[PDB]
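A single chain comes next, written as C-alpha coordinates; it is the form deposited in one PDB entry.
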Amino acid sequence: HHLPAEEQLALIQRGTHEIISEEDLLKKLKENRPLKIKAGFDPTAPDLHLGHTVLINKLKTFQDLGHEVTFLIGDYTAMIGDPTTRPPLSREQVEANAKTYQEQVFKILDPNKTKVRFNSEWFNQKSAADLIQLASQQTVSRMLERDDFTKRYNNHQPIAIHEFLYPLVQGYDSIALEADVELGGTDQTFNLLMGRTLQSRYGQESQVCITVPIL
(Lines give C-alpha, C1' and ligand atoms only; values in the text may rest on other atoms or scores of the structure.)
Protein backbone atom coordinates (compact mmCIF):
# COMPACT_ATOMS: atom_id res chain seq x y z
CA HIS A 1 0.00 0.00 0.00
CA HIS A 2 2.10 2.93 1.25
CA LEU A 3 5.21 3.19 -0.90
CA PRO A 4 8.52 2.47 0.86
CA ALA A 5 9.69 5.68 2.52
CA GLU A 6 12.92 5.83 0.49
CA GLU A 7 10.84 6.05 -2.72
CA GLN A 8 8.40 8.59 -1.28
CA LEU A 9 11.39 10.77 -0.38
CA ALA A 10 12.64 10.50 -3.98
CA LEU A 11 9.36 11.83 -5.39
CA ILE A 12 9.06 14.55 -2.72
CA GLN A 13 12.65 15.80 -3.06
CA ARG A 14 12.46 16.56 -6.80
CA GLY A 15 11.91 20.19 -7.74
CA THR A 16 12.30 21.46 -4.17
CA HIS A 17 14.72 24.16 -3.06
CA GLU A 18 15.18 23.11 0.58
CA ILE A 19 13.91 20.51 3.06
CA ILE A 20 14.52 21.40 6.71
CA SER A 21 15.66 18.04 8.13
CA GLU A 22 15.13 15.31 5.59
CA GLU A 23 16.17 13.28 8.65
CA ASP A 24 12.82 14.39 10.08
CA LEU A 25 10.97 13.73 6.80
CA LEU A 26 12.30 10.20 6.40
CA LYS A 27 11.25 9.44 9.99
CA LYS A 28 7.71 10.65 9.28
CA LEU A 29 7.46 8.60 6.06
CA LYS A 30 8.88 5.49 7.76
CA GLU A 31 6.00 5.88 10.25
CA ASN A 32 3.80 4.72 7.34
CA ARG A 33 0.84 6.98 8.07
CA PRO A 34 -0.96 9.80 6.21
CA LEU A 35 1.12 12.87 6.96
CA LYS A 36 -0.87 16.10 7.37
CA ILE A 37 0.27 18.48 4.61
CA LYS A 38 -0.31 22.22 5.13
CA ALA A 39 -0.18 24.84 2.37
CA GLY A 40 -1.30 28.36 3.26
CA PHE A 41 -2.66 31.07 0.96
CA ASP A 42 -3.45 34.74 1.55
CA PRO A 43 -6.90 35.49 0.12
CA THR A 44 -6.30 39.03 -1.19
CA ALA A 45 -5.30 38.31 -4.81
CA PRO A 46 -8.07 37.68 -7.37
CA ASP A 47 -6.42 34.33 -8.26
CA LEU A 48 -3.35 32.11 -7.94
CA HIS A 49 -0.87 33.22 -10.58
CA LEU A 50 0.57 30.46 -12.75
CA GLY A 51 3.83 30.50 -10.75
CA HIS A 52 2.17 28.43 -8.04
CA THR A 53 1.98 25.47 -10.42
CA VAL A 54 5.08 23.70 -9.08
CA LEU A 55 3.80 24.10 -5.51
CA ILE A 56 0.36 22.74 -6.36
CA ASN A 57 1.93 19.82 -8.27
CA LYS A 58 3.98 19.01 -5.15
CA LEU A 59 0.78 18.91 -3.08
CA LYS A 60 -0.45 16.57 -5.83
CA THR A 61 2.58 14.32 -5.22
CA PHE A 62 1.81 14.18 -1.49
CA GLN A 63 -1.85 13.39 -2.15
CA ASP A 64 -0.98 10.74 -4.75
CA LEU A 65 1.37 9.15 -2.19
CA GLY A 66 -1.57 8.93 0.24
CA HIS A 67 -1.04 11.92 2.58
CA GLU A 68 -3.69 14.47 3.53
CA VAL A 69 -3.35 17.89 1.94
CA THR A 70 -4.90 20.79 3.84
CA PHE A 71 -5.47 23.82 1.65
CA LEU A 72 -5.38 26.67 4.18
CA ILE A 73 -6.90 30.14 3.62
CA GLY A 74 -5.22 32.72 5.82
CA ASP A 75 -8.39 34.80 6.17
CA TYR A 76 -8.03 35.77 9.86
CA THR A 77 -5.39 38.49 9.55
CA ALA A 78 -6.80 39.82 6.29
CA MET A 79 -10.22 40.52 7.83
CA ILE A 80 -8.92 42.71 10.70
CA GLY A 81 -8.75 46.42 10.03
CA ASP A 82 -8.02 49.69 11.75
CA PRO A 83 -9.80 51.13 14.77
CA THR A 84 -11.84 54.18 13.77
CA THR A 85 -8.24 54.21 6.82
CA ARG A 86 -8.34 51.68 3.98
CA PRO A 87 -10.64 48.77 4.85
CA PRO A 88 -9.79 45.10 5.40
CA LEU A 89 -11.20 42.28 3.27
CA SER A 90 -14.84 41.57 3.87
CA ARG A 91 -15.90 37.99 4.50
CA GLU A 92 -17.64 38.27 1.13
CA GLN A 93 -14.30 39.04 -0.51
CA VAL A 94 -12.52 36.14 1.25
CA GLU A 95 -15.22 33.66 0.24
CA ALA A 96 -15.33 34.93 -3.34
CA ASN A 97 -11.54 34.92 -3.80
CA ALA A 98 -11.21 31.51 -2.11
CA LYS A 99 -13.83 30.09 -4.49
CA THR A 100 -11.67 31.13 -7.45
CA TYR A 101 -8.58 29.56 -5.86
CA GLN A 102 -10.45 26.30 -5.33
CA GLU A 103 -11.60 26.08 -8.94
CA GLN A 104 -8.00 26.64 -10.02
CA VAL A 105 -6.41 24.17 -7.58
CA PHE A 106 -8.97 21.41 -8.16
CA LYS A 107 -8.02 21.17 -11.80
CA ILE A 108 -4.94 19.50 -10.27
CA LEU A 109 -5.79 18.19 -6.80
CA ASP A 110 -8.72 15.85 -6.06
CA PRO A 111 -11.41 17.67 -4.02
CA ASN A 112 -12.52 14.47 -2.27
CA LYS A 113 -9.00 14.03 -0.80
CA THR A 114 -8.15 17.67 0.03
CA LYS A 115 -9.16 19.62 3.12
CA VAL A 116 -10.01 23.29 2.59
CA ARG A 117 -9.79 25.33 5.78
CA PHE A 118 -9.81 28.95 6.93
CA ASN A 119 -7.57 29.81 9.84
CA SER A 120 -10.20 32.07 11.39
CA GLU A 121 -11.77 28.71 12.32
CA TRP A 122 -9.53 28.41 15.38
CA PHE A 123 -8.36 32.01 15.59
CA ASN A 124 -11.80 33.60 15.99
CA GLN A 125 -11.94 31.81 19.36
CA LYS A 126 -8.52 32.96 20.60
CA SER A 127 -8.47 35.64 23.30
CA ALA A 128 -6.05 38.54 23.59
CA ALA A 129 -4.36 36.58 26.40
CA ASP A 130 -3.85 33.66 23.96
CA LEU A 131 -1.99 35.98 21.55
CA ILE A 132 0.20 37.34 24.36
CA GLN A 133 1.14 33.77 25.26
CA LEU A 134 2.03 33.21 21.61
CA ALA A 135 4.04 36.44 21.38
CA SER A 136 6.19 35.48 24.39
CA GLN A 137 7.64 32.57 22.36
CA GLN A 138 9.76 34.68 19.97
CA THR A 139 12.20 37.55 20.42
CA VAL A 140 12.09 40.95 18.72
CA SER A 141 15.65 40.28 17.52
CA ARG A 142 14.63 37.11 15.65
CA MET A 143 11.64 38.80 13.99
CA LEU A 144 13.94 41.54 12.70
CA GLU A 145 16.06 38.83 11.06
CA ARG A 146 13.39 38.30 8.40
CA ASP A 147 14.61 39.81 5.13
CA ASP A 148 11.72 42.22 4.56
CA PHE A 149 11.96 43.44 8.15
CA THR A 150 15.73 43.85 7.94
CA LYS A 151 15.62 46.15 4.90
CA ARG A 152 12.78 48.33 6.22
CA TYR A 153 14.42 48.71 9.63
CA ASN A 154 17.78 49.74 8.16
CA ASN A 155 16.13 52.01 5.59
CA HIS A 156 14.42 53.43 8.72
CA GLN A 157 10.95 52.50 7.41
CA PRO A 158 8.32 51.95 10.13
CA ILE A 159 7.33 48.41 11.03
CA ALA A 160 3.99 48.28 12.85
CA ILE A 161 3.97 45.84 15.76
CA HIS A 162 1.14 43.58 14.57
CA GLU A 163 3.40 42.72 11.61
CA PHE A 164 5.47 40.82 14.18
CA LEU A 165 2.37 38.86 15.18
CA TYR A 166 1.48 37.56 11.68
CA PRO A 167 4.32 34.96 11.54
CA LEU A 168 3.23 33.80 15.00
CA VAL A 169 -0.29 33.36 13.58
CA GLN A 170 1.08 31.24 10.72
CA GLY A 171 3.14 29.12 13.10
CA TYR A 172 0.17 28.44 15.36
CA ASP A 173 -1.89 27.35 12.33
CA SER A 174 0.60 24.46 12.14
CA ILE A 175 -0.20 23.54 15.76
CA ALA A 176 -3.94 23.78 15.13
CA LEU A 177 -3.51 21.54 12.04
CA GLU A 178 -0.98 19.16 13.63
CA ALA A 179 0.95 19.74 10.41
CA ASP A 180 3.61 17.16 9.59
CA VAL A 181 4.75 19.11 6.51
CA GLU A 182 4.19 22.72 5.41
CA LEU A 183 5.01 23.93 1.88
CA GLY A 184 5.74 27.45 0.65
CA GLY A 185 7.91 29.40 -1.74
CA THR A 186 11.65 29.97 -1.61
CA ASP A 187 11.09 33.34 0.13
CA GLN A 188 8.82 31.90 2.85
CA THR A 189 11.60 30.07 4.70
CA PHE A 190 11.40 32.28 7.80
CA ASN A 191 7.63 31.92 8.11
CA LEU A 192 7.62 28.17 7.51
CA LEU A 193 10.36 27.77 10.13
CA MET A 194 8.09 29.56 12.63
CA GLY A 195 5.67 26.62 12.78
CA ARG A 196 8.46 24.09 13.27
CA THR A 197 9.77 26.14 16.21
CA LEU A 198 6.42 26.91 17.85
CA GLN A 199 5.29 23.27 17.67
CA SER A 200 8.13 22.13 19.95
CA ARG A 201 7.30 24.98 22.34
CA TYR A 202 3.74 23.63 22.61
CA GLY A 203 4.67 19.95 23.01
CA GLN A 204 4.10 18.84 19.41
CA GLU A 205 6.35 16.93 17.07
CA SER A 206 7.73 19.51 14.64
CA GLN A 207 6.83 19.92 10.98
CA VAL A 208 9.22 19.52 8.09
CA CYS A 209 9.65 22.67 6.01
CA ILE A 210 9.75 22.34 2.21
CA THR A 211 10.29 25.24 -0.19
CA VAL A 212 9.69 25.19 -3.95
CA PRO A 213 10.19 27.90 -6.59
CA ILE A 214 7.24 30.30 -6.84
CA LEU A 215 7.78 31.95 -10.23
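Residues carry their position along the shown sequence, with the first being 1.
There is also a form solved in complex with a small molecule; it is not shown, and the following applies to it.
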request  = With heavy atoms only and a cut-off of 4.5 Å, decide whether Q188 touches the small molecule in the deposited complex.
outcome  = yes
query = Within a 4.5 Å heavy atom cut-off, is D47 in contact with the small molecule in the deposited complex?
reply = no
query = Using heavy atoms and a 4.5 Å limit, would one call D180 a contact residue for the small molecule in the deposited complex?
reply = no
inquiry  = Taking the small molecule as it sits in the deposited complex, is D42 in contact with it (heavy atom to heavy atom, 4.5 Å or less)?
reply    = yes
query = Using a 4.5 Å heavy atom cut-off, which stretch among 165 to 173, 27 to 35, 63 to 71, 152 to 160 contacts the small molecule in the deposited complex?
reply = 165 to 173
request  = Report the residue, out of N119, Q138, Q102, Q93, that has at least one non-hydrogen atom within 4.5 angstroms of the small molecule in the deposited complex.
outcome  = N119
